[PDB]
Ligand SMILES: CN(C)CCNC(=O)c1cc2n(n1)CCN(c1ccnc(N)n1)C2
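Just the one chain here, laid out as structure tokens, in the form solved without this ligand.
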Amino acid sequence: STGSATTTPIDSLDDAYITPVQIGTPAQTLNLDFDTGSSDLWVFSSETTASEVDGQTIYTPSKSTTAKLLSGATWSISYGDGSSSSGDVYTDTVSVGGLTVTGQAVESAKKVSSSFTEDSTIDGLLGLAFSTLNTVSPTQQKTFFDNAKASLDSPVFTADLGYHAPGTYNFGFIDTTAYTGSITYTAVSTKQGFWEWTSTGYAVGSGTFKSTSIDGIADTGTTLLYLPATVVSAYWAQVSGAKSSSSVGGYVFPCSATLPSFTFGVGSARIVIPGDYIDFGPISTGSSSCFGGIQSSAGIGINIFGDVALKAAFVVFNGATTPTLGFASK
């Protein structure tokens, strides 16, 4: 089997991407944030505290003929941005892009933090990191990908995120029309439950490539590119007037600037992030200070190749017995 679904930016900045997901019988379609940095499939639901729902579409298990309470199971998750959610668990039929899993754990939110309530465009998350991170207790649950794997034509999924445009998540096949050149594969460590890999270095603009190992994670659920302070300083030093602002919470730059590209290494291959991908616009409405898309990972404890980086590539998440990541230009 295979599946193929379109993923759409939630706003003009590509702050996140939503993908429609069918849950239950008859189908209830929710728009979920596919997150390769977590391992829970959770939804706004009929159980969510009413004051914490503001425009989201909810899953109502009592309207699904295939929903079953997973008795005694609870979940609770905290993300890198300080957001959180928790609740109970149902099993139900879940389909993505024509690919169906029966018996998928669908984590029903009873509580969500303010950042979720305030984002009316995201109806929940679909985790695509390794199932070792799943938070369901007392019986840990599998991700949609792990449950689909054995049925797929190839044990892979691919992320093809758009810049200010829709893109695609494919499951079970590699669309050889969706990228240019060849795919470079690189080793993954699953020790922390992430798609963790080591970049071979970077360049700023037209500058020389610096060969240096940068361990980090491929995380579709993180907007920006978070790298070591040395790398980030080297980037922003090439933008007149850029500075790190403790008041704003990272590097800002004059909105009049033209940003340089950023290149990262994948083995001997190179992925170029155009400068315009690194512009996240005014820090507040009407400001002439703009927020940067490359930020320091210091104090986060891991480097994160988030959407800024991943949307410059066609990315293969190879879930074979020995997992690997692949990157191609596009």
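Counting begins at 1, following the sequence as shown.
There is another form of this protein, the form solved in complex with this ligand, and it is not shown here; the text below is about that form.
If I superpose the C-alphas around the site and drop in this ligand as it sits in the deposited complex, do 3 or more of its atoms land within 2.4 Å of a backbone or C-beta atom here, i.e. is the pocket blocked or open? After the site C-alphas are aligned, the pocket of the shown chain is open to the transferred ligand.
State yes or no: in the deposited complex, is some non-hydrogen atom of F194 no more than 4.5 angstroms from a non-hydrogen atom of this ligand? Because a heavy atom of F194 falls inside 4.5 Å of this ligand in the deposited complex, the answer is yes.
So, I77 and this ligand: in the deposited complex, are they within 4.5 Å at any heavy atom pair? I77: yes, in contact with this ligand in the deposited complex.
Would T158 count as a contact of this ligand in the deposited complex, using a 4.5 angstroms cut-off between non-hydrogen atoms? No, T158 is distant from the partner.
With heavy atoms only and a cut-off of 4.5 Å, decide whether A203 touches this ligand in the deposited complex. Contact with this ligand, no.
If you look in the deposited complex, which residues in 21-55 sit within 4.5 Å of this ligand (heavy atoms)? Contacts from 21-55: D35, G37, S38.
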